[PDB]
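Two forms, one protein chain; structure tokens for each follow separately as structure 1 and structure 2.
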Structure 1
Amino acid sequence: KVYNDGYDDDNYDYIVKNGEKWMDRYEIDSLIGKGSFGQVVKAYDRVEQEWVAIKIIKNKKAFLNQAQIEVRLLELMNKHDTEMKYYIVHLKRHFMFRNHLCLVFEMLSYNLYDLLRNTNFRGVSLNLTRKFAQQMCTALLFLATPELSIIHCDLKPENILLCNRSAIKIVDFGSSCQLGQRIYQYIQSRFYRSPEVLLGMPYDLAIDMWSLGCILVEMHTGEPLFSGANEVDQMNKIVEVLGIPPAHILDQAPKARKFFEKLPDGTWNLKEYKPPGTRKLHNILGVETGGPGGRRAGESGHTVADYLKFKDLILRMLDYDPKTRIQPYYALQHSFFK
């Protein structure tokens, strides 16, 4: 049984051969990753004389079409004249090779999850968190450009890469869409899933900001803020920290009744967790006790006043109301950055 004249396995993936030379241009070094879309190889480009990351899309129509959307979005972002652009991974070019769409990107380093592992899941300092936070708010401002309006739809530590410097770039626009395009109900990775998506509600660019808030707390503590085992557990861990969501949201939510019940007086409550709003971010961060674990007492940039400013920024990111949740332009104005 032969797939694609022998070039593919039985899973529509190109069979990666170490040292293969494509088109008298690319020298394939190695496989550096597998995903649903296909694979990523490290390769040397002879024309440009540099190492690149080549995303090899599966030879299967469902995956080709998804990647054509991904290419269209990266090419749109590329056409834009800003320095904000460079917080997104740069698509250099694309080609077909043996019936596979290949995307050529700049070679980046490891992701923010890898970083956290290398902290033994104790987190990075508030200062590094702040630099990560600023770049990420800047990236989200760029995506919020009226002509782009890209919702990422899957922000998480493993989709933010180090270049090598604490320079970082967003990757994986493979779940992404533009505002005004229709609804998909099961989106975002579970720990980073906005309450509107949990509630089956219409969403916009604010879902990215919600993920961002979850991310930043994680980068500093070492662990996920809301580590849900499923959707019910997820909404419940949100409610522990942030309380019961506004009545105007729940009165309207196609999936309100999955997590909440309307009590006889018309108020909402959950259907054993800490009571709504009782696991305070204030404590998770250790605002007054020398940061998380107490591991940052007296370190510069880690005063009680610094932590309060950080706590304030996150809670604006974790606002239940997507209309009022902090937006990228103003997140950059916040005193955490000043």
Structure 2
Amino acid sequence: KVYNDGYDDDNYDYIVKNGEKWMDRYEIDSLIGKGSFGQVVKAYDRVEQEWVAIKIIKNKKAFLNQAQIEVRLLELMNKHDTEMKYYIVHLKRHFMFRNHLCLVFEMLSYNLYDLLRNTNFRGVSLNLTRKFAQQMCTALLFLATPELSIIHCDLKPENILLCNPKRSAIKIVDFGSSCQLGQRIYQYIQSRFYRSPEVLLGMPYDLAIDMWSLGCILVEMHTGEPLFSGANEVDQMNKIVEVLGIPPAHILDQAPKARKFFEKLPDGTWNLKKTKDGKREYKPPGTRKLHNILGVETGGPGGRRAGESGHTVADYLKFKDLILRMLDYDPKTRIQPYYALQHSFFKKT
């Protein structure tokens, strides 16, 4: 078999070649990214005298049709004319090339997972975590403007990128899974660690799922490790329950997949699904306190911030309150961008 007259591999990806020139314009430097969507490459745009990131979508109907949605939303966001539009990556243009839809993005710096990794997963400071938190909240507010109503659907450290290596300004990338509040088309969405209870439970979802993901992200940026690191859905839900307890009955009562994780007693309350021969793996519900994970009264996560400025007890207590409001089980009462921005965690110095 030869795929796409030899230009593609067996997984519908374009065989990237360092040094190649496309359409007398783009010089391909190297692969910088790879996912289910396809690939991302670093490239120099001769015409515009600048570096770009080119997202090369897979040559297959299903992936193309999704990227067309991605392009529509990217263009709709970039088009919008408030100054909040610059927490979102800029889609410069797109084009078809050897049967691949290619999206051209401005060149940003590296992502927040790479940033975590540069400090050997010690975490970044609470001061820097705050700056990310403020910008992300402001960006989620943009996405909430009624004319947009976009759900990113895959927030995680990897999809938040620094603008410049030496500064805190960030932008959100990868709207390849995104949708608007009307036209939702998938039930199994978000990366697992950052997946909301509503999605785990098979319930309808709105823009609040991104705020859940942000809660999880912000904690991980400061501790250096994922808050809820499930190997599968059942593990994931169980790890959430360790920190936040059994979700409220009014939600589980409307949850198509409640019985995947939970069981309903005669009296109308819910427990975790009962386990084989009692073998214990999880901490009892609500026992793994965020208060201890963050190290609120014990010098920060792992004790590593003891006797540093910008990491007081009062600072942590604020941060913890914000995060708990972000991880509200109920998407109707979970904190929303406008009100998150008014939180005491952000208040001026």
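Under this definition, the rigid core comprises the largest set of C-alpha atoms superposing within 1.5 Å between the forms. Residue numbering: structure 1 sequence, from 1.
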item: Residue pair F105, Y203: same rigid group between the two structures; value: no
item: Size of the rotation between the two structures [smaller rigid part against larger, C-alpha superposition, degrees]; value: 8
item: Between the two structures, how far the Cα of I238 shifts once the core is aligned, in Å; value: 0.2
item: C-alpha positional change at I183 between the two structures - rigid core reference, Å; value: 4.3
item: Per-residue C-alpha deviation between the two structures [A43; rigid core superposition; Å]; value: 2.1
